[PDB]
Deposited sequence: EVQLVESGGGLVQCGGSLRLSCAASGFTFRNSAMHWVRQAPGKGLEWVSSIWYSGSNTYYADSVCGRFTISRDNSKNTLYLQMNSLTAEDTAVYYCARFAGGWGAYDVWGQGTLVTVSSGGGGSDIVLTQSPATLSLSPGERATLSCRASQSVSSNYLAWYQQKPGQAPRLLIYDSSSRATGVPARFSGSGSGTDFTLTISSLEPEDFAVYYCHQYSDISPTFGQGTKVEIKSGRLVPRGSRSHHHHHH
């Protein structure tokens, strides 16, 4: 009882591929077949399952519609139809089966690798618990230096749209009170609120617009305590 994976290799951002699992040593037609993948450096992640007869298919949320799982009973082979491939889909792809109706995967193929061809903004603290009158201070650390302070900060309240507060690190947009000020150079930038008002509690994103592909931080939530 073995499983061998074929197809796969290197593909572009958006290409297409078909994976095959050649199944021997057992009665392919009645068992259930599955695909499990593992990105490099990461953990096992389940891809898809064909459950006995065709047309009874299930996919992970991430690979729905892009991936199609098929079985040819006569050839004892299992198929995976990968379309719209993204860099996040790169991984080693295994096929896996359990004997019987349901259970744990006890047979794993050798796996076949699929490979598909930016600055990072880190914001700290994740949460800021403050009170009015207090001095909020917010940090943004770029994984690389960012030229001539092409950096901005946005305030955003639940349901409302992002609102521009600071552009080019230290200059204030229209309608933003004096309390707001930005500073910092190179890789590290700081957003300072001299005194918090009731209206000031919101999420705050730093934004870099240096290359053609801008980036955002994950946000720092300034909330009451």
property	result
Gaps in the model, given as deposited-sequence positions counted from residue 1	1, 119-124, 233-249
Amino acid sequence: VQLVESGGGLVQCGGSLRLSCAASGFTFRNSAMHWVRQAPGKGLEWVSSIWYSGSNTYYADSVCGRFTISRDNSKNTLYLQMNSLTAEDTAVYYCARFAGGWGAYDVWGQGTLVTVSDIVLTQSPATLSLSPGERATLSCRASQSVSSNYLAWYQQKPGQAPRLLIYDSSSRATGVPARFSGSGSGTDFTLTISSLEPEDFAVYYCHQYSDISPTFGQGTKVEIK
From here on, numbers count along this sequence of modelled residues.
property	result
Higher-B stretch (mean Cα B-factor, as the entry records it), 23-31 or 191-199	23-31
34-42 set against 65-73, stretch whose average Cα temperature factor tops the other in the entry	65-73
Peak C-alpha temperature factor (PDB record), options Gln81, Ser124, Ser147, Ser131	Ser147
Out of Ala136, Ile119, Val114, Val107, residue topping the C-alpha B-factor column of the entry	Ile119
B-factor third for the C-alpha atom of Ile166 within its chain	middle
Chain thirds of CA B-factor: placement of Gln156	lowest
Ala91 - which third its CA temperature factor falls in, relative to the rest of the chain	lowest
Position of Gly186 among the chain's modelled residues by C-alpha B-factor, lowest, middle or highest third	highest
Ranked C-alpha temperature factor of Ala60 among modelled chain residues, by third	lowest
